[PDB]
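Same chain, two forms, each on its own as structure tokens: structure 1, then structure 2.
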Structure 1
């Protein structure tokens, strides 16, 4: 019994951080419930790692999550900071709301992609047990 979700993520300029949260009945895990923080870059590492694992040949590895694109929204919010004095106050609020909804739309799609990939892994009978996958799930030494 492995259940995985991403409750929250942060988009911050340089990177995107995903909180990957796990509930398990598996004994092999030290704890039943935990969370660790993973970058997109990490999921790709896992996927890369799985794909090249020899035992797992003749298994189909779930597709990796696509890289998050916050660029459009990011540029606008960077400008918006730019316009705080100058802009009519109302415009700024509407502009703030719209930019946020835009960031939000991206998050939803991207969170799903990353979440689905992990959930797809947990579902798999063989893959669910992979060591590299386990560390990704639980190694929370910051």
Structure 2
């Protein structure tokens, strides 16, 4: 109960998957006992690389890194189906669309679980759960600074999304 992590939601975009990493904790070192941050697969790879290279963890079993999210099969089949929009019986597209969405969903389930299990294994570990880089991964809120540039005369707006 000292450190509970889950991934309540994820966003699949064209070239990206974003995970919401949600932490409940009683550790006094954190700013808040419960918080959420947005992380991408590469942030998980950075964390795993960092653990792997820490001299003090030599001989400890470090949980495997999560597998890269691959939505290519579903998206390619989505693109192909849009072509037969004029080539089927008003049901067949519908049935084709449902199968495509099941395939998306099956990918989502697998990739969220892989990324989630990785964090949960770290949280279970008597030594690794104390790792400072692991703590930064969970609570640092400046990882996704985005700027909007708009022409009304041009104005640039900072957009802050933890």
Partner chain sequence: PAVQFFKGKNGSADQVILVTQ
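Shifts are known only where both forms have a C-alpha. Residue numbers count along the first chain shown, from 1. We call the rigid core whatever largest set of C-alpha positions still superposes within 1.5 Å between the two forms.
Note on provenance: structure 2 matches the form deposited without its partner chain.
Core-superposed comparison between structures 1 and 2: among 55, 41, 69, 90, the single residue whose C-alpha moves by 2 Å or more is 90. When two forms of a protein are overlaid on their rigid core, residues whose CA moves 2 Å or more are considered shifted, and residue 81 is one of them between structures 1 and 2. For residue 102, the Cα shift between structures 1 and 2 is 1.1 Å when the rigid core is held fixed in the overlay. After superposition on the rigid core, residues whose Cα atoms move by 2 Å or more in a run of at least three fall only at 76-98 between structures 1 and 2.
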